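Quick heads-up: it's one chain on its own, the form deposited without ligand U1X, in structure tokens.
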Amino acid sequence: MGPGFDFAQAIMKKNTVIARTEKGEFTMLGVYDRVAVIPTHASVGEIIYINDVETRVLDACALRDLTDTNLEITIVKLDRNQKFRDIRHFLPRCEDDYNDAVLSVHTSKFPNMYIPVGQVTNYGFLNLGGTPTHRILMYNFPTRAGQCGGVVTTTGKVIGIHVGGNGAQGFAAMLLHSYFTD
């Protein structure tokens, strides 16, 4: 509808796949080469379904900060025959607050979904499902029964992936450029 939705659509149309684990269907962001991200609560194993195709997982790393605190991001390298468009130059370098963000989801249940979530706070610490978690972004969100990830963008920046909510607020794990240095 406007330039924020334009940037979000451009990311969804080229840099997402539908990932299925034993814990459900998730929006999965492809970042570069065969490397993608997903919430750690997806519990990625040795095999994952990517757009309903059986795919070997070459590597999966549940990220933690240097205090050994959960970040809720898993980085997956997929045994896929095709590379993602490289979007690392759209990743922020530092922890920050944002205005006017969009949360975008693409699953069998929620195809082509875009939500203007407004202001995003650098919230920091969250007890997420009983797990102490750092680097959380927050945006007011009439919390919806179900987590299938999500992509949080502003114009020109891919800033996070949706990992949870409390009924009124939604929460995303930050994406930082430093996670994807090769």
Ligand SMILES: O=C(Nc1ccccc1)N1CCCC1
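Between two forms, the rigid core is the largest collection of C-alphas that superpose within 1.5 Å. Sequential numbering from 1, following the sequence displayed.
Absent from the display: the form solved in complex with ligand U1X. The rest refers to it.
Undergrad: Even though ligand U1X is not shown here, does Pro142 get within 4.5 Å of it in the deposited complex, heavy atoms only?
TA: Yes, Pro142 lies within 4.5 Å of ligand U1X in the deposited complex.
Undergrad: Is there a heavy atom of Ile115 lying 4.5 Å or less from a heavy atom of ligand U1X in the deposited complex?
TA: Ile115: contacts ligand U1X in the deposited complex.
Undergrad: Using a 4.5 Å cut-off on heavy atoms, what residues in 146-165 are near ligand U1X in the deposited complex?
TA: Going through 146-165 in order - heavy atoms within 4.5 Å of ligand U1X in the deposited complex - there is one hit, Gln147.
Undergrad: Among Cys148, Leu137, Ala36, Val151, which is the residue that shifts its C-alpha 2 Å or more between the shown form and the other one, core superposed?
TA: Result of the superposition: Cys148 is the only one at 2 Å or more.
Undergrad: Distance change of 3 Å or more between the C-alpha atoms of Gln147 and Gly130 in the deposited complex: closer or farther compared with this structure?
TA: Result: farther.
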